[PDB]
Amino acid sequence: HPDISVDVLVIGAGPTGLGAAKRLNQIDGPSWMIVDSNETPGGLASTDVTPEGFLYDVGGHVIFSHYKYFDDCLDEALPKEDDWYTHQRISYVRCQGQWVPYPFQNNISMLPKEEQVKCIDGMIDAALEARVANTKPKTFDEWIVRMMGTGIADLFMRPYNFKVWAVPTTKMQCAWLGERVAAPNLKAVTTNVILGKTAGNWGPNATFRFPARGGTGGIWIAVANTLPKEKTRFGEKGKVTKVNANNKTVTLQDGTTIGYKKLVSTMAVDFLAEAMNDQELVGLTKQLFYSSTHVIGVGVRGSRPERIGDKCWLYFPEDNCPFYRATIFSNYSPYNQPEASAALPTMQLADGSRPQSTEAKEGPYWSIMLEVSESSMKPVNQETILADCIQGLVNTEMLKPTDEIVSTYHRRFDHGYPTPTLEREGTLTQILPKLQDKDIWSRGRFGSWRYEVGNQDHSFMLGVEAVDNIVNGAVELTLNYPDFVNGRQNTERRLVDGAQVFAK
C-alpha cells in the first residue's frame, strides 16, 4: 500500500507535463497528480534573470503554434491584450560581411558576382539532377545538397548545421525535416539574382507572439496556475528518485510513495532508465546521442543601434564566432531588460577593455542572446566561451569595440538537443515499446527524444495526446506522425470540448 494513489501520474512540469496536466484537469475523470523537483513550473522553458535585471530564455526558436488547443491554453493563461507583444518573423544569415535576409538562397544577390555564378551553377546542377531523381536522400547532408546545390550548401546550411548540432550533416537522418521534395526552386533563385533584389520570408502575415513579462517562463507559470494546487507537488517534495515499473509505484526524495495505473514520464529517458534500475534500458538509452547547449547573455548600454534595427534572430554559418544563432532579445519585450532610468555601471567594453569609470550610468539598454553547441565531436572550453562569444559579437559587427557591456550571463544545459542521428530511430523503436509495455508514456524533448516535436507547442501536445490516448483512445499523432500534424490545421481539440459543454 503506497502513501498516495492516482490513476494517472505525471512526472515533470515542463510544457509536456503541463500539457498532460491541463488535459487531465479538463477531462476531470480519472484521478491524477503532477510532480516536479523544481518549485517553479516551466521545466526548461523557464526564464533566467541576471543580477543586473536582464532576462534570458534557453533558446531562440520563437513560438509557432500548430494547434488550437495550445492557443486556448496560452490564451486562458494570459488573456489580456497587453500580456503579449507581436512581431514579424525577421531573420538574417551573417555571410561575408553582409546581413542576408532569410531564406539565404533567395538573397544571394548580396554576395559578390563571381560567387553568385558559383551558386547558380551548383543549383542548376541540382535542378537537372532532381529532374531525373529516382531515390530519396538518406542523410541530412544529401538532402541539403539536393535542395541547394554545392555552392549554396557550402556557404550556409552545411557549416551552419555543424555549428547547430555539433555533429556533421552526413551523420544525421533527414526524416525529421518533413516530407518536402529535396529539389531547388531554381527560378525563384535566379529571378531574385537577375532582378538584383533581396526579400525576407516575413510580412504582416508572418508573425510571432512574445509574452510581455517574465520571458517564456512566464507563459508556463500562468498555465500552471490554472491547475488545482492540491494536485501539484513542486520542489524537493516532488523529486522522483525511484520508479518501480512492475509494481507501478514511484518513490520521492522525502520517501513518499505514489501508486499509479498509468505513468506519463517527461524526464529525460536516460534518467528514467536509471531511475527504473532497468539495466537493459540504461544500455539502450546510453546509445542516444545529444549535444549540450551554452546560452550566453549580453546586456548593452545604449539605444538600439541602427545596424541592429528590427532584427529578431540571426544565423551564423561562419567560423569567426562560436555561436550558431543570436537573438535581439530586447526587441521581444521592453521588460526583458531594465528601464532606461535604471542605473548600472559598465562592466567592460566589447573589445574587452576596462570602462573609463565604474560609476553607475543610466540606459536605455538592449540585449543579445547567443547559443553555442557542444558535443564529443565539437568541444567547448567553458572557461573561455563567454569571452569568445563577446569577441564573436565584435567580429560580426553586432557590437562596436566601444560598446558598453553592463551585464553578462552564461549557462550550460547538459541536455541541449536530442540529435536526429541516423541511429536515433533504430534505438528508439527498441526503447519506447518496452516502456509502453509497462504502461509508461515517456514523452517530451528528452522524454521521447525526437527533436522535431521537442519545442513548446509540439511538446505541450505530446502531453495532451498522451493523456487523450490513456483516457479516450486517441491516436498520438504528434509523437508518431509529426509531418501529419505539421501539414494541417489542428482545430478539433479544444480546452472546452463537447464533453464539458454537455456535462454543464
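The first residue of the shown sequence is 1; numbering continues from there.
| field | Between the two ranges 20 to 28 and 481 to 489, the one averaging a larger CA B factor in the entry | value | The entry gives the higher C-alpha B-factor average to 20 to 28.
| query | Can you tell me which stretch has the higher mean Cα B-factor, 168 to 176 or 332 to 340? | reply | Comparing averages over the C-alpha atoms only gives 332 to 340.
| Out of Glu423, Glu374, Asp351, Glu230, which residue has the highest Cα temperature factor in the PDB record? | The record points to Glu230.
| task | Among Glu359, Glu397, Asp125, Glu404, single out the one with the highest C-alpha B factor in the record, please. | result | The C-alpha B-factor peaks, among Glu359, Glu397, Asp125, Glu404, at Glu359.
| By its CA B factor, does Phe234 count among the lowest, middle or highest third of the modelled residues in the chain? | It falls in the top third of the chain.
| request: Using the B-factor values recorded in the entry, state whether the Cα atom of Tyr409 falls in the lowest, middle or highest third among the modelled residues of its chain. | output: For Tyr409, the deposited C-alpha B-factor lands in the middle third.
| task | Compare the C-alpha B factor of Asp319 with those of the other modelled residues in its chain, then answer lowest, middle or highest third. | result | Middle third, going by the recorded CA B-factors of the chain.
| said: Considering every modelled residue of the chain and its Cα B-factor in the PDB entry, is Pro101 in the lowest, middle or highest third? | reply: For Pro101, the deposited C-alpha B-factor lands in the lowest third.
| request: Consider only the C-alpha atoms of the modelled residues in this chain, order them by B-factor as the entry records it, and name the third containing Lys80: lowest, middle or highest. | output: Highest third - that is where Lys80 ends up once the chain's C-alpha B-factors are sorted.
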